[PDB]
Amino acid sequence: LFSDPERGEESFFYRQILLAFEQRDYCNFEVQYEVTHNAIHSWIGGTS
Amino acid sequence: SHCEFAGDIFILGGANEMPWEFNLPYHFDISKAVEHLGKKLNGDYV
Amino acid sequence: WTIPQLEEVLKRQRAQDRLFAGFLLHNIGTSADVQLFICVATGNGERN
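Residues numbered from 1 in each chain as written, not as in the entry; some residues may be left out. Chains lettered and ligands numbered in written order. Part of a larger assembly, values for the part shown. Heavy atoms only, no water.

If you look chain B up in the PDB entry, it shows as Hemocyanin from Pomacea canaliculata. In its PDB record the entry is named "Cryo-EM structure of N-glycosylated Pomacea canaliculata hemocyanin".

Chain A carries the name Hemocyanin in the PDB entry, which gives Pomacea canaliculata as its organism.

Below you can see the structure in the form of structure tokens.
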């Protein structure tokens, strides 16, 4: 979560959030929206 | 690069010896060695 | 690529094993090039 060396200033989810904001129709807005929530669940959850 | 031993020749020389030169090329048998290499007799080799 | 990904790809290409050849260059009076030819041992041992 804190160690993403993909680029020195941009996070992992920033690209996703801009991509989700790009489109206009609301159904596709939702379908681009859920993945950030799901990925945070998977990350912060751990294997407990 | 398959190469194999062929044979031997001995030449007699001395410090005080008359300069001798043959009048004819000398013949040696190497047919067995070529057969060992496996190439045909009328084939090629070095 | 930028500095983060460059440095970790450098680390991950250092991680494994590899072989080098070492030369001792010196001036020869004219620019040229040199070729590398490795030789594999044979049955007779000759550098075929």
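(A) Fine view of the interface of chain C and chain A. Every contact between the two is made by four residues of chain C and, on the other side, four residues of chain A. Buried surface at the junction of chain C and chain A, both sides included, amounts to about 270 Å², of which 53% is carbon and sulfur. In terms of surface lost to chain A, no three residues of chain C exceed C:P4, C:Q5 and C:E8, which account for 86% of the buried area on that side. Viewed at the interface, chain A and chain C are joined by zero salt bridges. Our enumeration of links across chain C and chain A arrives at one residue pair in polar contact. Among the residues making up the side of chain C that touches chain A, the classes are represented as one nonpolar, two polar and one charged. (Contact = heavy atoms within 4.5 Å. Buried area = accessible area lost by both parts, 1.4 Å probe. Salt bridge = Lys/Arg side-chain N within 4 Å of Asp/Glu carboxyl O. Polar contact = N/O pair within 3.5 Å; in protein donor to acceptor, adjacent residues only side chain to side chain. Nonpolar A, V, L, I, M, F, W, Y, C, P; charged D, E, K, R; others polar.)

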